[PDB]
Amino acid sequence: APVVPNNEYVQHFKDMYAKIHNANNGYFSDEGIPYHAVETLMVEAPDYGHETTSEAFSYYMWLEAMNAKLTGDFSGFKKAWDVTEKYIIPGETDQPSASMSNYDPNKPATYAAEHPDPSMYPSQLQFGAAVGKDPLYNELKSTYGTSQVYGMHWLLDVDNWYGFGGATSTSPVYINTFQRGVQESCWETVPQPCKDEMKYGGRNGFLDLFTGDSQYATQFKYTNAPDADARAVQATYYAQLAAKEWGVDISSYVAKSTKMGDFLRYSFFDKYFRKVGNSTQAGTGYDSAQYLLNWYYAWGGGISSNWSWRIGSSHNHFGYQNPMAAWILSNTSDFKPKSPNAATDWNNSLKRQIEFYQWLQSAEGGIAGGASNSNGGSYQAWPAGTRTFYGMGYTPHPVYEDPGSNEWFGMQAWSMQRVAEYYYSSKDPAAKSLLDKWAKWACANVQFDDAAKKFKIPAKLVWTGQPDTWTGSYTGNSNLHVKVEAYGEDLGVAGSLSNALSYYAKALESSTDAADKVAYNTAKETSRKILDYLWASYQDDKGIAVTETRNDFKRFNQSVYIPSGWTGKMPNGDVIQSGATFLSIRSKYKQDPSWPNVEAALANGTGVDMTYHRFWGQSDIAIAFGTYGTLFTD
């Protein structure tokens, strides 16, 4: 039997794990689905706290993988995959096989433009516009004996809060919110069911808010978040390493993750399979492969009749990349996917991803936003002097700008944690300078108060300038800059940051270079101090948390764009029409126990103070404890 480390960091993990699994704390639904957070009143990527995301499912796998590592008990990890497959990977009634089977890989979808403001939607279908070929479909169909897609949809209404599942049900409902481009903030969306049978909304359900066509038929649509599915692979690898040491068989769960990783190759592709670089032209297969983890792939089709479509995404954010997942799927025996080309494709993505991070690394060391094969999301010409990466144009804030998608320091920790774990696992020398420079910038920006045993980390980032066009090696990007504009006690992110610094330090442990030894000490001590202070100062009943201020809750009254003459209804009867607000189409928010507090604060012009326990945040903190406790058995 394996010898499990006995130190305080292992015990901190176990105490956090116990809090997360304590029924008193309410992290989980009746089905065993992790909510976005314990609390209900919050508007972030999901716009209600008891929605959840595919991110939460993969964090749940990761948490359980670490517990299995430390205890030899894999029942929790199996449970996490079981609920994932049951409730967030669309099944037969969600993506009817008859529609999926009528897919045409030579005509994957119909082009529509993205627009710089929600008021420019619905976007007209252009049946004459170029769309390239899907080179994955036939291989996947031959491999798995079906045309259905095995990937997670990104957003779930866990207890049917919107009521799209009917008035007397709390079964989970697949939903979408964001649809209307770069300037549609979380406050400006219209929630819709993924399965639009036109029971709710207007004449055509919600369909003609987003898509312009002469007729509308009932249909489904699911949208993947590639970083969540990649994390599922990352978690399952960690579980399998432990399983081999404990002597436990979880091969069928390994098989689930490699299948998910197989379909995740759709995240490599331009939205309409346009050639990368010469994006006005239809691709003929892999010439439309960007080979990064894009912002989404999506798929849909008919309910009342049999037809289907698929798209990738032309947009790529450094924050979504995962070299650890790509290395797992391409360079380990256990996780080679069943499609003949999958391992090779993933090996190519691994290479491209590591270059992408380097290309985006600022002069200070923070990683800049990303790049797109489609300027304005409508393949507009790039301005002269646009800096590029394999033909894709630099974008300081990929995909969304309210707020800027690279304003939040969280993306730095989340994504660079993966590079660090990858570097530890593979010792790929191409990752070293990247990590050296990033770690120096991150550690230089942690503010410790040693007397209070508290700290702050960067909260909000400001970007200027642009990288040198990628020619094969890092330049230092002396004209690309990041400034930290605000710091905060962002504890979930601090957990991720500690995780990253721990793997980075551990990877450096074998160096005999004097400068590496100094970097080792700095990274390891910074990581440890973060964990010690989290433990000493920020514990409460439900986990580890601190008050935060939301000054934008004034946007509960944010106007929502609805086309003139368009009318509809939410399931609870809320009227959807011009003049509607975020709140007026979500009137159940006023039934929330914390609502009086919110409107009180707004009424006398105060910020709103909240204490949140987000599932990913508590998980990141727990896993950070377990990570330090297992890498440094001191």
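Start at 1 and count along the sequence shown; that's the residue number.
- Residue range whose averaged C-alpha B-factor is higher in the record, 591-599 or 22-30: Comparing 22-30 with 591-599, the higher average CA B-factor belongs to 591-599.
- Task: Return whichever of 469-477 and 499-507 has the greater mean Cα B factor according to the PDB record.
- Result: 469-477 has the higher mean C-alpha B-factor.
- Message: Given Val190, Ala459, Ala413, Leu435, identify the residue with the highest C-alpha B factor in the PDB entry.
- Response: Of the options given, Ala459 has the highest CA B-factor in the PDB entry.
- Task: Specify which of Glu85, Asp334, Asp345, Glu355 carries the largest Cα B factor in the deposited PDB entry.
- Result: The C-alpha B-factor peaks, among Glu85, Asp334, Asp345, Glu355, at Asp334.
- For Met16, return the chain-relative third of its C-alpha B-factor as stated in the PDB record: lowest, middle or highest. Ranked within chain, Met16 CA B lands in the middle tercile.
- Once the chain's modelled residues are ordered by C-alpha B factor and cut into thirds, is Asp513 in the lowest, middle or highest one? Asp513: CA B-factor falls in the lowest third of its chain.
- Task: Grab the CA temperature factor for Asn6 from the record and place it in the lowest, middle or highest third of its chain.
- Result: It belongs to the highest third of the chain when residues are ordered by C-alpha B-factor.
- Query: Hey, what third does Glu421 fall into on Cα B-factor, ranked over its chain?
  - Reply: Its C-alpha B-factor belongs to the lowest third of this chain's values.
- Task: Would you mind ranking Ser142 by its C-alpha B-factor against the rest of the chain and naming the third, lowest, middle or highest?
- Result: Its C-alpha B-factor, which the entry lists for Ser142, ranks in the highest third among residues of this chain.
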